[PDB]
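This document contains two forms of one protein chain, each encoded as structure tokens and listed individually as structure 1 and structure 2.
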Structure 1
């Protein structure tokens, strides 16, 4: 997470749909915005959200009538990707819940996030349905795939970010944040060896294929493999960036991938996962290691949302005579 002193979103209200761990909430609050409603489906996610924010998000958004949603300026949603069978063509999906709320509450901004391939899903019309639905609801639609490693977070993680402004506001200067040099690497986020001993996997079929590198580099650096060398069976350098965290991946080093740390090969700790997703150390992670992996592997990258939120605020606040 980064520090933002210029609170571009001060005095604005947002809601956090499909809140998960509350990544959007961390991001928008860091810019001064106020959360007036959150919704999260998963009970274990509601749990950890409650641990960190004091309140439990409302559950199943389908039971919740849009008229009951508090007035708000920004709607956030890192929503599940689903295939559709514009606005009426989005029915049946969780995206429709976003569309029905947008139609009722007409926030100034709709800020959404999804997987990197979202633009390709269903031969391109999952994106086209979302875009057309947003247009029909009288919003512009700006989408760009951004990679975490380009925004200060040492993880290979491309995601699509979609920002929509209500047309009456006439916003013409929204820009995605510009990428910058990576100065933090996996090594910079590690816990002491003692705290992660349980994550060490000693295997006789380990084959180290490359020597540890001498200079940090903003890419994934594979050093070795175990077994057949497939998913969850590869070992990376902490002087590089993290491979993409996965909520549901399998393999010996499932979810995190394996890392060469002080002569040992191990998974990342849930706290290290938090860090490579941009979560602050003040954020309490779920007690279950396996549930924490799933939650972070499914989460948003805080830092990227912060840069975007700041730019959303920048655009909303530029109102010359």
Structure 2
């Protein structure tokens, strides 16, 4: 994550729904905002959240009375994506994990925050012939909010990961915000190899599979894209190897394959998956952030998370818009 000198969100309160690791919290707090409520039902996510912020998020949001949620200015929510991801079954709203947005709408209707800031996977934007996004849009408009949605790739914002996500920023209409803008892309000068840990700290992650098939030569020039170098097995998810001179593939939460949830990389002649700390860095998390003691849970948590830097630029722009109140 980056440093934010001008705290655009100072004095603003926000809630951290579907908190996970608290990526939205790091992002908004870096801009000066104050978190007044967090919600996350996963036992392990609650533990790591507590390790880093000192509070245990409240459980199952579908059972929380929206009237008991503290007043706030910005509602943050990177809601479940299994039901919308290109990697899943795409049952969408028909999925038990796909109706969480309506819980968000329920809370918004009641608390009417100034801003609603949501995130989901790229496929969310085209799911069900675009009907899914339209539904979110119409729901927000009905609740009297504007709707700004755009898919941003983390590689365009200083982080070496091809993580494409749709970000939805909504302003309550009475605020008449007409100048919100998604941050503009800039050249990437950081690649996977710049975030790796020393070899001595990741030796245990080195795997030597005799079914390894190198399909492309390593590149010596850094490039802002994923560069596949080979595969193991049939080359399915988690069985693909990439160059560290390129960018990281999208980290996942329930992913499988021998290089589960991070993908494999060629590092100093050997092939290995990423270490949880490297996952943190590829997600823009500061080294000061404490990862969960269970590596499997840590991989899952970062795989479900958000790239801090991207949210920071967006949060900064939300604040910039809110602060422009000329006479």
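By rigid core we mean the largest C-alpha set that fits within 1.5 Å across both forms. Residue numbers count along the first chain shown, from 1.
Of the residues checked (209, 175, 167, 217), the rigid-core alignment between the two structures shows a Cα shift of at least 2 Å for 209 alone. After superposing the rigid core, the C-alpha of residue 92 moves by 2 Å or more between the two structures. The Cα position of residue 115 changes by 0.5 Å between the two structures once both are aligned on the rigid core. Its Cα shifted by 1.2 Å, residue 253 is compared between the two structures on a rigid core fit.
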